[PDB]
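Heads up, the Cβs are rebuilt from the backbone with ideal geometry, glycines too, and the neighbour counts pull from every protein chain shown. Numbers and lists here come from the model and the stated rules, or from a named source; none is laboratory data.
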Amino acid sequence: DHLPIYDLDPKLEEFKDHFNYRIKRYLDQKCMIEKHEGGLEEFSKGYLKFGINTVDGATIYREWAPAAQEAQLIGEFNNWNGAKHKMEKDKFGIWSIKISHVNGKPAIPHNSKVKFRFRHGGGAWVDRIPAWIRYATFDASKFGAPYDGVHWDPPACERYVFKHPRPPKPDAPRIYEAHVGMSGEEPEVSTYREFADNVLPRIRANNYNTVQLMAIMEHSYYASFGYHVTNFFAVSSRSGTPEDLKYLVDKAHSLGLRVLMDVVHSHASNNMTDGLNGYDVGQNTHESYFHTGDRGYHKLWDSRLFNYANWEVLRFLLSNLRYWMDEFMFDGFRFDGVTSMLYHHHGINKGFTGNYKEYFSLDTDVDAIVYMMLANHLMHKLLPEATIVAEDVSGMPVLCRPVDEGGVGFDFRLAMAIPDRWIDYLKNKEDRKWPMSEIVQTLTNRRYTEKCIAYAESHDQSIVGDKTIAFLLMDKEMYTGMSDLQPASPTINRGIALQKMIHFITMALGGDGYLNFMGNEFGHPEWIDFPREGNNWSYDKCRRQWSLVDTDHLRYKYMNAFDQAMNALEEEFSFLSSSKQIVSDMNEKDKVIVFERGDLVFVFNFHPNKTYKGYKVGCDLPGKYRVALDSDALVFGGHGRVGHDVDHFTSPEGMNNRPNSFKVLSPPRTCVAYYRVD
Ligand SMILES: OC[C@H]1O[C@H](O[C@H]2[C@H](O)[C@@H](O)[C@@H](O[C@H]3[C@H](O)[C@@H](O)[C@@H](O[C@H]4[C@H](O)[C@@H](O)[C@@H](O[C@H]5[C@H](O)[C@@H](O)[C@@H](O[C@H]6[C@H](O)[C@@H](O)[C@@H](O[C@H]7[C@H](O)[C@@H](O)[C@@H](O[C@H]8[C@H](O)[C@@H](O)[C@@H](O[C@H]9[C@H](O)[C@@H](O)[C@@H](O[C@H]%10[C@H](O)[C@@H](O)[C@@H](O[C@H]%11[C@H](O)[C@@H](O)[C@@H](O[C@H]%12[C@H](O)[C@@H](O)[C@@H](O)O[C@@H]%12CO)O[C@@H]%11CO)O[C@@H]%10CO)O[C@@H]9CO)O[C@@H]8CO)O[C@@H]7CO)O[C@@H]6CO)O[C@@H]5CO)O[C@@H]4CO)O[C@@H]3CO)O[C@@H]2CO)[C@H](O)[C@@H](O)[C@@H]1O
Ligand SMILES: OC[C@H]1O[C@H](O[C@H]2[C@H](O)[C@@H](O)[C@@H](O[C@H]3[C@H](O)[C@@H](O)[C@@H](O[C@H]4[C@H](O)[C@@H](O)[C@@H](O)O[C@@H]4CO)O[C@@H]3CO)O[C@@H]2CO)[C@H](O)[C@@H](O)[C@@H]1O
């Protein structure tokens, strides 16, 4: 009847009807799950019943295949002959078999290959990888690099034991988005252990508190960046085994880092031999993971789309969430492609002006929203400290409100509008024509009842035609002009300064959390290019040149040190988790932005050349102000013009204006945060 979200946003009651239906569809589905499955928590334990599971004296294999008329389990254990391992179908379309132990040992050995062999209506037999397989390996020797499902039940001598607890939820997420495969300096696919031993310390040393782990779910197409999942329960085998990933998560927890995983429940790869799409043999949507016809196909991604209303699809996805959380001790997730799930048009060729009828209509996908609400309720009841992030460009209201208020249940939203604004400024505007108004409004125009994670550039700003901000600033000059033993050219000084500036203002003004993609913290040059036919499958641009930031006589160390000190500043002052956000000056003629966040006063000089001596900045309490972070510091690649022990005494006003003010030196292209001395 009445939802609490209506009190947060009166404009929502106009669409009560919509929400009514939506909430009804939620409460019914949950109710059904509680009546016939024992509740969401038990429903999400489906990976203990489906797939291959060892019990006392036998092994149970279950697989949902309504379209099959006959089915058997084949593998190395029966030399790919399922004659003595025929499965039986029930009224729900589920095939099952119990296989007794052989000489006291399980019938299917650990680390052996298995396949689900079934005959469909036409009369032909096909072999597929089990949908709930937990490991799948490819053989690059054979043509196709075809995958094989692998039964993963390691003995205690090689099963990883988690030794460290989950860290507490931070006051604000400082997220290091990473991809294990391209995390090494060698032009190859790196391993989970190499990432845990080499990269995680870099993340902790730069004072991040969260890692966003991409490309964990298995995907046969490496260049998909993990977005085209084939085996949803399998840890991507190109970087190691599931135990290696468990070791990665445990090591991150030992360093005090929280780990989120990329969850791709928005679509599925079209790969029929290796992936889930192989269970589509033409059956109707009520016997399939996916919709049929147009609704079952994503035109932009060339992918299959789930039928979120199906009982078995709900079991599949909710159990996938519980599987990742429980078996790998993840601290939360980022749901990718949420915009495509929210609307029947998937936002493919549609811009969202903000008109509420574009959010709440019959273009709204109620099945997917019901699934996401069930998912968020389940995940927050399993782990109240979990952080669930939604990757959504539309800005759907109440998307990040709890389920019990009428919301979708996400904790944070990705603030996906800032990067393109920065790109436009860098590409088509001269430095003296940059609008401070548009920058401030882009950083601050958001729904303040819902939390958001700001970032100047993510992984997508490194791929498919996008360059890093550092490269957009300096380009080929980075190849030759980044040595610390020679004076930096004007271009290099400009680029380093503006990179620090863009990152810092996006963090301090753009939301309630920060995200940075692996390598951009030190201005990694160029772009990311995956191995493909066009480059003869080169890994040259599918890696991270840690050499550049580690070398003392180069200048990347400056951007890295500024990133580290900026994260440490956020840790000490907690300005990302403070609602006090006052922009007290926006000098468009002088290109200066003065604002207040937390207990800090931020002065940004975006002017190309002019220094402002004795610039007056507003502040609340009178007293003694000093530099907390200054981008012109020599250790950050500046010229050291500001000076850190200088006392900025306040003077009351009258001898956006504030009670008191103090005067600062503001060199061009600089950012200084000031704190009040106790
Ligand atoms: O303590 C004590 C100590 O001791 C010791 O030490 C010592 C020692 O011993 C001694 O020796 C000394 O040292 C010293 C020395 O001597 C000196 O020399 C120095 O050195 C230094 C330096 O200085 C610095 O700088 C550094 O360096 C570095 C750097 O930094 C970095 O960077 C690196 O580099 C590198 C890189 O990385 C790489 O890469 C390479 O590069 C290369 C490349 O590759 C190639 O290619 C080339 O390039 C080139 C080209 O070719 C051409 O062409 C050009 O280009 C251009 C073009 O033409 C134009 O056109 C433009 O382009 C553009 C376009 O237009 C657009 O389109 C875009 O693009 C695009 C692209 O194309 C693509 O990629 C896209 O995408 C794609 C996708 O992905 C797919 O999928 C498909 O779709 O396709 C697509 C495509 O279509 O993307 C994009 C878009 O987004 O854009 C573009 C661009 O913008 O433009 C361009 C430009 O750029 O040109 C180029 C260039 O020129 O070549 C290159 C080369 O150059 O390699 C490099 C190198 O070189 O690394 C480096 C090295 O490291 O460092 C150094 C060293 O350090 O100093 C020193 C000192 O400091 O002394 C010492 C002390 O004592 C012991 O040892 C120690 O330990 C101890 O401690
Ligand atoms: O009704 C109360 C029951 O609630 C729960 O049952 C679930 C099943 O577990 C789900 O599997 C599903 O059943 C679907 C099934 O997924 C789907 O394939 C379809 O079955 C086909 C079958 O494959 C085909 O071979 C043919 O012969 O029969 C059906 C024709 O389409 O439809 C089934 C019904 O939806 O959903 C139900 C709930 O709706 C719970 O698990 C049970 O314990 C409980 O009895």
Quiz item: Is there any pair with a first residue in segment 278-306 that is within 16 Å of ligand 2 (Cβ to nearest atom) and a second that is aliphatic (A, V, I, L, M) and part of a helix (DSSP H, G or I) whose Cβ atoms are under 7 Å apart and which are 6 or more apart or on different chains, and what are they?
Solution: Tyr289/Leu276; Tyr289/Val313; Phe306/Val313
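Conditions (1) more than 30 Å from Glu526 (Cβ to Cβ); (2) aliphatic (A, V, I, L, M); (3) within 16 Å of ligand 1 (Cβ to nearest atom), marked per residue:
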| position | (1), (2), (3) |
| --- | --- |
| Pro397 | yes, no, no |
| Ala415 | no, yes, no |
| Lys451 | yes, no, no |
| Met482 | no, yes, yes |
Quiz prompt | Within segment 630-657, tally of residues that are assigned to a loop (DSSP other than H, G, I, E, B) and surrounded by fewer than 17 Cβ atoms within 10 Å (Cβ to Cβ) | solution = 13
Quiz item: Considering segment 431-459 alone, what residues qualify as being assigned to a helix (DSSP H, G or I) and either within 17 Å of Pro173 (Cβ to Cβ) or not β-branched (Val, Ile, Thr) (or both)?
Solution: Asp431, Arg432, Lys433, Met436, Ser437, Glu438, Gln441, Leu443, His459
Quiz prompt | Among the residues listed as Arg304, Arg315, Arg322, the single one being crowded, with 21+ Cβ neighbours inside 10 Å, among the charged types (D, E, K, R) and touching a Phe, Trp or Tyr at 6+ places or on another chain (Cβ under 7 Å) | solution = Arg304
Quiz item: Quick check: anything in segment 513-526 away from ligand 1 (no atom under 12 Å from the Cβ), in a loop (DSSP other than H, G, I, E, B), over 28 Å from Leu485 (Cα atoms) and among the small types (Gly, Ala, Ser)?
Solution: yes
Practice problem: Name every residue in segment 461-513 that is charged (D, E, K, R), within 28 Å of the chain's Cα centre (by Cα) and closer than 25 Å to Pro531 by Cβ, in order of residue number. | Solution: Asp466, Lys467, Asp475
Exercise. Taking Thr468 as meeting all but one of (1) under 30 Å from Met396 (Cβ atoms); (2) more than 10 Å from ligand 1 (Cβ to nearest atom), write down the number of the exception.
Key: (2)
Quiz item: Taking the stated definitions as given, is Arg315 within 20 Å of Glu218 (Cβ to Cβ) and not in a loop (DSSP other than H, G, I, E, B)?
Solution: yes
Exercise. Residues being out of contact with any strand residue (DSSP E or B) (no Cβ under 8 Å at 6 or more places or on another chain) and part of a strand (DSSP E or B): count how many of those fall in segment 342-398.
Key: 0
Quiz item: Residues in segment 527-576 that are within 11 Å of ligand 1 (Cβ to nearest atom), over 22 Å from the mean Cα position of the chain (by Cα) and surrounded by 17 or more Cβ atoms within 10 Å (Cβ to Cβ): how many?
Solution: 5
Practice problem: List every residue pair whose Cβ atoms lie under 8 Å apart, where the two residues are 6 or more positions apart in sequence or sit on different chains, the first residue falls within segment 245-266 and is not assigned by CATH to the domain that holds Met329, and the second residue, located anywhere, is part of a loop (DSSP other than H, G, I, E, B). | Solution: none
Quiz item: Scanning for something within 16 Å of the chain's Cα centre (by Cα) and within 16 Å of ligand 1 (Cβ to nearest atom), does segment 198-221 turn up at least one residue?
Solution: no
Practice problem: Scan segment 463-485 for residues that are touching a strand residue (DSSP E or B) at 6+ places or on another chain (Cβ under 7 Å) and either among the aromatic types (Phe, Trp, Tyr) or not in a loop (DSSP other than H, G, I, E, B) (or both) and jot them down. | Solution: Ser483
Practice problem: Tally the residues that are among the polar types (S, T, N, Q), surrounded by 23 or more Cβ atoms within 10 Å (Cβ to Cβ) and touching a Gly at 6+ places or on another chain (Cβ under 8 Å), restricting the search to segment 210-238. | Solution: 3
Quiz item: Is there any pair linking a residue in segment 530-553 that is under 17 Å from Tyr221 (Cβ atoms) and in the same structural domain as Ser483 (by CATH) to one that is assigned to a helix (DSSP H, G or I) and near ligand 1 (Cβ under 10 Å from one of its atoms), with Cβ under 8 Å and at least six apart or on different chains, and which?
Solution: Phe530/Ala223; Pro531/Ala223; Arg532/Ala223
